[PDB]
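Take a look at the structure set out below.
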Amino acid sequence: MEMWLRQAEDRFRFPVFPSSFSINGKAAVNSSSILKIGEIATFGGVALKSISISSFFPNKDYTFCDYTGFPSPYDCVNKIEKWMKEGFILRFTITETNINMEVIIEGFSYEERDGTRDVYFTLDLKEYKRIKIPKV
Amino acid sequence: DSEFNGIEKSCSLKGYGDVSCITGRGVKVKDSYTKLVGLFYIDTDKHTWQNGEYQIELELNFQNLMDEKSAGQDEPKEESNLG
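In order, the protein sequences belong to chains G and b.
Residue numbering for the first sequence is 1 to 136, as defined by the authors' numbering.
Residue numbering for the second sequence is 250 to 332, as defined by the authors' numbering.
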């Protein structure tokens, strides 16, 4: 499997695939209480999905890397930080699954914690839906 | 003598009762410390039913202290011998 983040024709592919990934979905339920019968509930609408990714940007060509030719760690950091700064609408896809949707970046944290100069990161994404304004 | 007005004494009560406690009727409240009973007139009322519980809220206006036993001591006026 591969992981991509793309802004129009500008595409970025993650060099190290993470250890796991999980998608969260919820729905809203409205509750009322009626005399002498108890609680009742009705459907209220679905919420936006969220996804979080943790991995690192390598500082050298490892054996377990997805491909060869990726940029430096801080080049990746700068590119993603610029995307988060301007509030771009991006497309996030994981191949061989059903995950292919438009998202927006909520958080980005990175750190260095050993002698290898690798940069560990955590990325938070949120599903994006455009509003339709009717006309006549 | 009708135009004079004195000090006003009131009570705001919330508790349990029946549907008979409505505006325009007299009610009795017992004092805890002295064990004395007073008579009040209901000025405002509100009854609510919700979630299987029923409560009342009253606005009371104080009239006077109920006399211990009988104030005028009304006795049933009977002849000593019926016939």
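Backbone N, C-alpha and C define an ideal beta-carbon position, used for all residues, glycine too.
Sub-9 Å separation of G:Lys60 and G:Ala47 beta-carbons: For the purposes of this step, residue 60 of chain G is identified with residue 60 of the first sequence, where counting begins at 1. For the purposes of this step, residue 47 of chain G is identified with residue 47 of the first sequence, where counting begins at 1. No, these two residues do not count as a Cβ contact at 9 Å.
Nonlocal neighbours in the same chain, by C-beta distance under 8 Å from b:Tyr265, ignoring five residues either side: Position 16 of the second sequence holds residue 265 of chain b. Counting only Cβ-Cβ distances below 8 Å, and skipping sequence neighbours, we find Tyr303, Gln304, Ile305.
Where G:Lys126 sits in the DSSP three-state scheme: As a first step, residue 126 of chain G is located in the first sequence; it is residue number 126 there, counting from the start. Strand, per DSSP.
7 Å Cβ shell around b:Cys270 - same chain, five flanking residues per side excluded: If you number the second sequence from 1, residue 270 of chain b lands on position 21. Closer than 7 Å at the Cβ level, and outside the excluded window around b:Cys270, lie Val276, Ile291, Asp294, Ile305, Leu307.
Neighbourhood of G:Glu39 by C-beta distance below 7 Å, restricted to the same chain and skipping five residues each side: Here residue 39 of chain G refers to the residue found at position 39 when the first sequence is read from its first residue. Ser31, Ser33.
Burial state of G:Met1 (16 or more Cβ within 10 Å): In the first sequence, residue 1 of chain G corresponds to position 1, counting from 1. Burial call: exposed.
Close beta carbons around G:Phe14, own chain, < 6 Å, minus the five adjacent residues each side: Counting from one through the first sequence, the residue named residue 14 of chain G turns up at place 14. Residues of the same chain with a CB within less than 6 Å of the CB of G:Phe14, apart from the 5 flanking positions on each side, are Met3 in chain order.
Uninterrupted beta strand (DSSP E) stretches inside the region 19-92 of chain G (no shorter than 3 residues): DSSP runs (the beta strand (DSSP E)) wholly in the region 19-92 of chain G: 27-34, 38-46, 50-57.
Test item: CB-CB of b:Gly287 and b:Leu262 under 9 Å: By one-based count along the second sequence, residue 287 of chain b stands at place 38. By one-based count along the second sequence, residue 262 of chain b stands at place 13. Their beta carbons are not under 9 Å apart, which means b:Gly287 does not touch b:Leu262 by this criterion.
Neighbour-count burial assignment, b:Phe289, 16 or more Cβ in a 10 Å radius: The count along the second sequence starts at 1 and reaches residue 289 of chain b at position 40. b:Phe289 sits buried, since 16 or more C-beta atoms from the chains shown fall within 10 Å of its C-beta.
Bridge-paired residues (DSSP) for b:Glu306: Position 57 of the second sequence, counting from 1, holds the residue named residue 306 of chain b. Secondary-structure assignment with DSSP links b:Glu306 through a beta bridge to b:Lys263, b:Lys295.
Under the three-state DSSP convention, the category b:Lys279 falls into: Counting from 1 along the second sequence, the entry for residue 279 of chain b is found at position 30. Residue state, collapsed to three classes: strand.
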